[PDB]
Amino acid sequence: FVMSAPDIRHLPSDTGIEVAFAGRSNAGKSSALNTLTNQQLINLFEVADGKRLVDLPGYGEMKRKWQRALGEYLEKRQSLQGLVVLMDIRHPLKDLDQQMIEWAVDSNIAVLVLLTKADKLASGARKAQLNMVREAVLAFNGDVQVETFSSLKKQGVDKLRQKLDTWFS
């Protein structure tokens with residue numbers, strides 16, 4: 001099924017396994033999830049009996065509240081087994097992006113960073129950004145895998161499916 005919940009207290013029973021997706025607006029979150037399924041609020045899609053994908057509201061005096069809710073989810077959700085943080089390869093690692101990774105790492109949650117719109121950069125610049133984010137990510141001291149992603153060219157889709165299969169198994 002497909003569900004939408006107003007807050008964490010309304011999420012379905014905290015049992016089984018789920019993987020969350022997060023990122024600023026226009027990071028390709030929806031487009032990325034569409035490569036996994038064909039099916040503000042927190043949207044959930046159950047891909048199996050007790051296996052769900054969670055789409056956390058984009059974080060793109062008023063934001064303090066919403067940013068706090070994101071951290072509470074990462075810290076309290078017992079069934080959370082991984083976090084996918086999507087960021088545009090042209091402007092990755094913004095303060096909020098780094099905050100989500102740090103929070104995940106402190107809650108012992110594995111992380112997968114997807115540098116989206118990878119097709120927007122030439123081979124040379126694309127590789128340069130990937131290497132930069134990989135080096136930068138070592139500063140978190142966690143389990144942070146980084147991969148380039150392109151919804152248009154369907155690049156990085158298999159890597160995403162493989163990461164998920166590992167976390168779901």
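Heavy-atom basis, side chains included; hydrogens, waters and symmetry copies ignored. Position 1 is the first residue of the sequence, and the numbers go up from there.
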Transitively linked via ILVMFWY side-chain contacts under 4.5 Å: [X] with [Y]?
X	Y	value
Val105	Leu93	yes
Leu86	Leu115	no
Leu160	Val85	no
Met3	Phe21	no
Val113	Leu80	yes

Closest approach of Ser31 to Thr35 (non-hydrogen atoms, all atoms of both residues):
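Heavy-atom minimum between the residues: O-CG2, 3.4 Å.
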
Looking only at heavy atoms, what is the nearest atom pair of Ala118 and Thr148, with distance?
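In this case the closest contact between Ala118 and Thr148 is CB-OG1, 2.9 Å.
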
Under the criterion side-chain contact (heavy atoms from CB on, under 4.5 Å), I'd like the reasoning laid out for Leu114 against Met87: C-alpha separation, chi angles, the key distance, then a yes or no.
CA-CA 6 Å; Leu114 295 182; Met87 58 193 60; over 6 Å; no

Got more than 12 heavy atoms from elsewhere within 6.0 Å of [atom1], [X]?
X	atom1	result
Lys159	NZ	no
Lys117	NZ	no
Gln39	CD	yes
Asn26	CG	no

In the structure I gave you, are the side-chain heavy atoms of [X] and [Y] within less than 4.5 Å of one another anywhere?
X	Y	value
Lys94	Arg24	yes
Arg161	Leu164	no
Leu74	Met100	yes
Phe149	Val157	yes
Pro92	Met132	yes

Atom pairs and distances, side-chain donor-acceptor, residues 41-59, under 3.5 Å, sequence neighbours left out:
residue, atom, partner, partner atom, Å
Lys51, NZ, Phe168, O, 2.8
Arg52, NE, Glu18, OE1, 2.8
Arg52, NH1, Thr15, O, 3.1
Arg52, NH2, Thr15, O, 3.1
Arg52, NH2, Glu18, OE1, 2.7
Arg52, NH2, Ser79, OG, 3.1
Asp55, OD1, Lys29, NZ, 2.7
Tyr59, OH, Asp97, OD1, 2.7

Atom [atom1] of [X] and atom [atom2] of [Y]: how far apart are they, to the nearest 0.5 Å?
X	Y	atom1	atom2	result
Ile89	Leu130	CD1	CG	6.5 Å
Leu11	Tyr73	CG	OH	6.5 Å
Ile8	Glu75	CD1	CD	10.0 Å
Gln78	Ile17	CD	CD1	13.0 Å
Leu121	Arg90	CG	CZ	7.0 Å
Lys76	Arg9	NZ	CZ	10.5 Å

Look at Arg134 together with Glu147 and state whether they make a salt bridge at an N to O cut-off of under 4.0 Å.
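Answer for the salt bridge query: yes.
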
Ignoring hydrogens and angles, tell me if any N or O in the side chain of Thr37 forms a donor-acceptor pair with the backbone of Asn34 under 3.5 Å.
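Side chain of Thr37 to backbone of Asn34: no pair is present.
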
Side-chain donor/acceptor of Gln99 to backbone N/O of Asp95, under 3.5 Å
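The answer is no, because no donor-acceptor pair under 3.5 Å joins these two groups.
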
Trace of the side-chain contact (heavy atoms from CB on, under 4.5 Å) decision for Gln98 with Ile101
CA-CA 5 Å; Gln98 307 199 204; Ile101 295 166; 5.6 Å; no

Is there a side-chain contact (heavy atoms from CB on, under 4.5 Å) between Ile109 and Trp167 once you walk through the steps?
CA-CA 10 Å; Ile109 299 161; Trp167 290 334; over 6 Å; no

